[PDB]
Structure formats: structure tokens, C-alpha cells
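Quick notes on the structure that follows.
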Amino acid sequence: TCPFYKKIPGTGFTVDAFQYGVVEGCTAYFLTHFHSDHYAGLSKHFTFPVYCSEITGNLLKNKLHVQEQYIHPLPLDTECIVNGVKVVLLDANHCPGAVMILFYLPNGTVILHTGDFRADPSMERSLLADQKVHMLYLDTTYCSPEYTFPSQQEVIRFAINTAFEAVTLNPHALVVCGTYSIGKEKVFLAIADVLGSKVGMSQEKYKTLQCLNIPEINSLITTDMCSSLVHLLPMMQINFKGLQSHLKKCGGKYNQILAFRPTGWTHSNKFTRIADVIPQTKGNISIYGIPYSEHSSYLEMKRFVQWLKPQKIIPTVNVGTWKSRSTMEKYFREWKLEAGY
Ligand code: NI
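Here the entry's author numbering is used: the first residue of the sequence shown is 700, the next is one more, and so on.
Laid out in C-alpha cells, this is it:
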């Protein structure tokens, strides 16, 4: 059964609630983004209205074969009416197509559901600036002060500089980047741009990327692995055994691998600066873990909430343990006392 924090009171709506069967009272199912923990349950046999972004609806139709008549894509930054209720979709700064949803309830209550997001000051100048928000359904993934990480721009600077140096020293080095979901495309696109290469990948991953409205994409990606010196592999293959095996398949074209695993946070964040990150090495294989996050750090999350000043916060992540819930509630109260709302 569907948990309360996936239900929008005073509507017939749910958010990211496709794994519970037919939800009683639900007239419209919203999907914030195409990540499996959130779409779990959708397929060609789904026959209720799904509301989402254009990019998300391309993925639903092409990857999961949801029939077109049930996909309701909405433009961003535009007031729309769904089953009698005004809604707006806003960019979540998460993966491609990911949205936050503003609901304007018939009784005057305003609710923001962030989906998954990486808070940014640029959100302080969207349509959120224009009215009060009463209830916030918040992505609390990294809601603890230990979770610090660098800007996405610092991380990509590190990656491009690392790759360009390695391949200029050894033109027979191959670069490999791990992936298992959409998101974090900048990692492999920025490294291929500095090297003058396309990114090579499986037909299944190429298909996924072609749903994303990324500009000039036919110019940056390919299924012809032989023509590319940046390859994408599944995340599970980014280890010494998997990479040794891949290097064998390349037929003596290459004699070294430099590989990147874009994780979110790891405890090497609490001690070490990005500039100071070093790889794990075995023979002619090196593996870099880089802290490229598509979720808010603690400080970014606190700044957003202290700006928005909601009356009530409902966490949507880390809600399964009493210790996690009590921790999060204590920071919410600190934030409110410090800012004065
Ligand atoms: Ni996500």
C-alpha cells in the first residue's frame, strides 16, 4: 500500500506511486523523473493518465512502451489545469527531464513536491518567488552536515584536466566512464569534447540518450566503438576484472585504461579536496571515484528551505528509521529558529 508521503491531500493525485497497484482515489499519477525507484511499476499495460515532462514521456513511450494515449507531457514554467487543479512543473536540476511540481489546491493551500533535486540559488527566481508555499515534500537524501561535495563545475574541470593529460601523455590510453541510469551525462560528454572524440556505447544506451533533447547529440555519441576513444560501460563493470576484459576486446588498439565512477557522496569527501583526489591503480588500469552529485548537499538544502519558509516539511527520503526521522526533524527546527519563520 501507498505511503502517505506519496499522496497529495485534497486532490486525486499521487507522485511517484506506480508499484502499489490501483491506488484508491487516484485520478492522475504524476512521475517526477525517469529513475527506477520512482517509475517502478509502469509498462505497456498501464491504462491511467500519467503526467510528466516531455523528456520523461519520451522515455516512457520508447523504453517502457507505455501507450501514447495515456502519456500527458506538460511544458515547464507554464500554469496548466489537471482534473480541475492548477499545477506547474519546474526544473529540478537532477537528471534530464526531472521536475518539481507546484500544486495550487482548491482551498488556497500551495504544495511544492521537489521530486529528486539539487537545490540551487537560480530556483529563488523561478515562479516560486511569486507566492507562499505552505507544505514542502522534500528530497532529504543528504540531510546531515557531513554531506559536503564540490560544485558540478569543479568536478567536471577535474575530470577534463585528468583525461586530457593522460591521453596526451599516452595516445594509446582508452577512457571508460560508468553509467547505470540517466543523469550525469556531462561527465562523459565533457571528456569526449576535450579529446575530439564521440562517446561510444551499446545500442540500448544510445537509444536512451536519443530520448533526451540534448542539442547536437548526433554530433557527440555513437554505437561504433572502434571509432571512439571514450567508451561507456555499465557501472558494475568499472572494476579491475571488468576493465581488463574490456581492454582485451579492443584488439591491441589500446594499452592503458583511465576509468571514471561518478558516485554521489563517499566519506573521502570529509577529509580530501577535489584537487587532491587520487585513483586506485593496478598495472595499466586506473579508476577514479569522482563526487558528481545530482542531489542537494546539506548547505544547499538548508539555504533553499530557509528561503522558501514553508509551514510544514514532509521528508521523502531516509523515512524508514526512527533515528533518521528524528535527526531530520531536529535540523528542520534549527533552520526555522535561525531564520525566524
Ligand atoms: Ni533520482
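Beta carbons are placed, not taken as given, at the ideal position from N, Cα and C, and that holds for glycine.
Opposite residue i in the DSSP bridges: which residues?
i	result
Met799	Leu789
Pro990	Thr962
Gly951	Beta-bridge pairing links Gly951 to no other residue.
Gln979	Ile986
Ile859	For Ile859, which the question treats as bridged, DSSP gives no partner whatsoever.
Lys1011	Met834
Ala727	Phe712
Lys706	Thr713
Please report how far the alpha carbon of residue i lies from the alpha carbon of residue j, in whole angstroms.
i	j	result
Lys883	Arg817	12 Å
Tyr704	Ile984	45 Å
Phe1031	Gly1039	12 Å
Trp964	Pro933	19 Å
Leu789	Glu753	12 Å
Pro708	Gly724	11 Å
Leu775	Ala791	11 Å
residue 670	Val976	Since the displayed the chain opens at 700 and closes at 1040, residue 670 lies outside it and no answer follows.
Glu1033	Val798	28 Å
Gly941	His734	25 Å
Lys885	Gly951	29 Å
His744	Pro772	18 Å
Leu804	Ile810	8 Å
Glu903	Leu801	34 Å
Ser742	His732	15 Å
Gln979	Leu888	23 Å
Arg824	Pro990	27 Å
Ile920	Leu873	16 Å
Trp1021	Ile913	41 Å
Closer than 8 Å by C-beta to residue i: which residues in its own chain qualify, once you throw out the five before and the five after it? Chain order, please.
i	result
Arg1002	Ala818, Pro820
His994	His793, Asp815, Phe816, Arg817, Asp838, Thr840, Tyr841, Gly963
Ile770	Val749, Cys751, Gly756, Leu759, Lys760
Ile780	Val786
Excluding sequence positions up to five away, which residues of its chain have a Cβ less than 6 Å from the Cβ of residue i?
i	result
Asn1017	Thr839, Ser1023
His871	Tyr953, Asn954
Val875	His930, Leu932, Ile956, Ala958
Going by beta carbon distance, what residues of the same chain come within less than 7 Å of residue i, once the five residues before and after it are set aside?
i	result
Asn782	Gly711, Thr726, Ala727
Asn761	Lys906, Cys910
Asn860	none
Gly740	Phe717, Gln718
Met1027	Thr839, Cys842, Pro1014, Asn1017
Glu845	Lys969
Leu730	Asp715, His737, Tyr738, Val749, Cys751, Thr755
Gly988	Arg960, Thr962, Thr965
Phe848	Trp964, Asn968, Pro990, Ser992, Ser996
Review point. Whose beta carbon lies closer than 5 Å to any heavy atom of the ligand NI, going through the chain in order?
Key: Taken from the N-terminal end onward, the list reads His734, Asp815.
Practice item. Note down, one range per segment and in chain order, each beta strand (DSSP E) of at least 3 residues found wholly within the stretch 895-954. Key: Given a length threshold of 3 residues, each whole run of the beta strand (DSSP E) inside the stretch 895-954 is given here in chain order: 929-933.
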